[PDB]
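Colleague: Build me a structure from this.
(one chain, ligands or ions: 2)
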Amino acid sequence: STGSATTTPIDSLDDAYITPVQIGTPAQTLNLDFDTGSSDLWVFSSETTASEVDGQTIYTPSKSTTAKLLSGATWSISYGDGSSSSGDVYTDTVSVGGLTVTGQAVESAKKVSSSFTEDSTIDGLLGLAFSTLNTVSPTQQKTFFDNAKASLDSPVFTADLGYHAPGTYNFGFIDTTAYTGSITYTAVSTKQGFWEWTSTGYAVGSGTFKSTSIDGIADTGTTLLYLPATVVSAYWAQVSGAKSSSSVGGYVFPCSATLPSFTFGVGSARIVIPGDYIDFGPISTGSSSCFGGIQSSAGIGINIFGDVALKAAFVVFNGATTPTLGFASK
Ligand SMILES: C[C@@H](NCCCF)c1cccc(-n2ccnc2)c1
Ligand SMILES: C[C@H](NCCCF)c1cccc(-n2ccnc2)c1
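Modeller: Numbers count the residues shown, from 1 in each chain. Ligands and ions are numbered 1, 2, ... in the order given. Below you will find the coordinate block:
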């Protein structure tokens with residue numbers, strides 16, 4: 001089997017991407033944030049505290065003839081940005097782009113933090129990291145990808161995120177028309193439950209490539225590119241007037257600037273992030289201070305190849321017995 005779904009930026013900055021997901025019988029379509037940095041499929045629901053729902057589409061398990069309470073199971077998750085949600089668990093039929101899994105754990109939110117409420121465009125998350133990170137207790141549950149894997153033509157999914165445009169998530173096949181050149185594959189460690197890999201270095205603009213190992217994660221659910229402070233300082237030193245602002249919480253730069261590109265290594269290959277991808281616009285409405293798309297990971301404890309990096313590439317999440325990542329230009 002295969003599936004193919006379009007993923008669409010939630011706003012003009014590509015702060016996140018939503019992908020329609022069918023849940024239940026008859027289908028209830030929710031727009032989920034596909035997140036290769038977590039392993040829970042959780043949704044706004046008929047059980048979510050009413051004051052915490054503000055425009056989201058909800059899953060109502062009582063209207064699904066295939067929904068079953070997973071008795072005793074609860075979930076609770078905290079994200080790197082301080083946001084959180086928790087609740088109980090149903091199994092139900094879940095379809096993405098034509099690919100159907102029966103008996104998928106659908107985690108129904110009873111509570112969500114203010115940030116989730118305030119984002120009307122995101123009806124929940126669909127985790128695509130390793131199932132070892134799934135938060136369901138007392139019986140850990142499998143991701144949608146892990147449940148689909150055995151049925152897929154090839155045990156893979158691909159992320160093809162757009163810059164200020166729709167893109168695609170494919171399951172079970174590699175669309176050879178969606179990238180240029182060849183796919184370079186690189187080793188993955190699953191020890192922390194992430195798609196964790198080692199970049200071979202970087203360049204800033206037309207500068208010379210610096211060979212240096214940068215361990216980090218391929219994370220579609222993180223907006224920005226978080227790298228070591230040395231690398232980030234080297235980038236922003238090429239932008240007149242850029243500075244790290246403690247008050248704003250990262251590197252800012254004059255909105256009048258034209259940003260240099262950023263290149264990262266994948267083995268002997270190179271992925272070039274155009275400068276415009278690194279512009280996240282005014283810090284506050286009408287400001288001439290703009291927020292940078294490359295930020296320090298020093299305060300996180302991991303480097304994160306988020307959307308800024310991944311949307312410059314066609315990315316293969318290879319879930320073969322030994323997982324690997326693939327990157328191609330596009
Ligand atoms: C509440 C929500 N806001 C996202 C706003 C733009 F998208 C949030 C805050 C912190 C982290 C995350 N997150 C989700 C998966 N990985 C990380 C989401
Ligand atoms: C939503 C966005 N960048 C992507 C989300 C961070 F992963 C942005 C645009 C303008 C300003 C900020 N900002 C201000 C203080 N800290 C952050 C963030």
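
Colleague: I'd like to know how many residues surround the nearest residue to residue 103 once chain neighbours are set aside.
Modeller: Nearest in space to residue 103, with sequence neighbours left out and distances taken as CB to CB, 6 or more residues apart in numbering, is residue 91 at 4.8 Å. Every residue, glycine included, has its C-beta placed from N, CA and C. Residue 91 has 19 neighbours, counted by other CB atoms under 10 Å.

Colleague: residues in contact with the residue of the chain found nearest ligand 1?
Modeller: Residue of the chain nearest ligand 1, by CB to the nearest ligand atom: residue 81 (2.3 Å). By CB atoms under 8 Å, 6 or more residues apart in numbering, the contact set of residue 81 is residue 115.

Colleague: Tell me the secondary structure of it, please.
Modeller: Put simply, residue 81 is coil when judged by DSSP: H, G, I helix; E, B strand; the rest coil.

Colleague: do residue 301 as well
Modeller: Under three-state DSSP, residue 301 comes out as coil.

Colleague: tell me the phi and psi of it?
Modeller: Main-chain torsions, residue 301, degrees, to the nearest 10: phi 90, psi 0.

Colleague: The one 3 residues further on too?
Modeller: Phi and psi for residue 304, reported as degrees, to the nearest 10, are phi -130, psi 110.

Colleague: From residue 127, how far out is it?
Modeller: As judged by CB to CB, to the nearest Å, residue 304 and residue 127 stand 15 Å apart.

Colleague: same thing with residue 302?
Modeller: 17 Å.

Colleague: now do residue 142
Modeller: Counting by CB to CB - residue 142 and residue 127 are separated by 10 Å.

Colleague: who's more crowded, the two?
Modeller: Each of residue 142 and residue 127 has its neighbours counted (other CB under 10 Å); residue 127 has more, 29 against 19.

Colleague: Could you pull up the residues touching that one?
Modeller: The neighbours of residue 127, taking CB under 8 Å, 6+ apart as the test, are 35, 38-41, 133-134, 143-144.

Colleague: can you pull the contacts of residue 197?
Modeller: So residue 197 contacts 186-189, 215-218, 325 (CB under 8 Å, 6+ apart).

Colleague: do residue 58 as well
Modeller: Contact analysis of residue 58 by CB under 8 Å, 6+ apart lists 30, 43-46, 48, 123.

Colleague: buried sites along whichever helix in the chain runs longest?
Modeller: Counting by DSSP state H, the longest helix found in the chain is helix 229-236. By neighbour count on 16 or more other CB atoms under 10 Å, the buried set for helix 229-236 is 231-232, 234-236.

Colleague: For this structure, which residue occupies the most central location?
Modeller: Against the mean C-alpha coordinate of the chain, by CA atoms, centre = their mean, the closest residue is residue 220 at 1.8 Å.

Colleague: Check whether residue 123 really touches residue 30, as I assumed.
Modeller: Yes - taking CB atoms under 8 Å as the definition, residue 123 is a contact partner of residue 30 at 3.9 Å.

Colleague: anything in contact with each of the two?
Modeller: Residues touching both residue 123 and residue 30 (CB under 8 Å, 6+ apart): 43-44, 57-59.

Colleague: If you rank these by neighbours, which is first?
Modeller: residue 59 leads the shared contacts of residue 123 and residue 30 on contacts (other CB under 10 Å) with 29 neighbours.

Colleague: Which phi and psi values does that residue adopt?
Modeller: Torsion angles at residue 59 (phi, psi; degrees, to the nearest 10) stand at phi -90, psi 130.

Colleague: where does residue 109 land in three-state SS?
Modeller: strand.

Colleague: Surely it and residue 88 touch.
Modeller: No - contact criterion CB under 8 Å: residue 109 and residue 88 do not qualify, at 9.1 Å.

Colleague: who's more crowded, the two?
Modeller: residue 109 (25 against 19).

Colleague: Which secondary structure elements does the one helix or strand residue 185 maps to sit against?
Modeller: Using DSSP states H and E, the element containing residue 185 is strand 184-187. With contacts taken as 3 or more CB pairs under 8 Å, 6 or more residues apart in numbering; DSSP states H and E, strand 184-187 sits against strand 196-204, strand 324-328.
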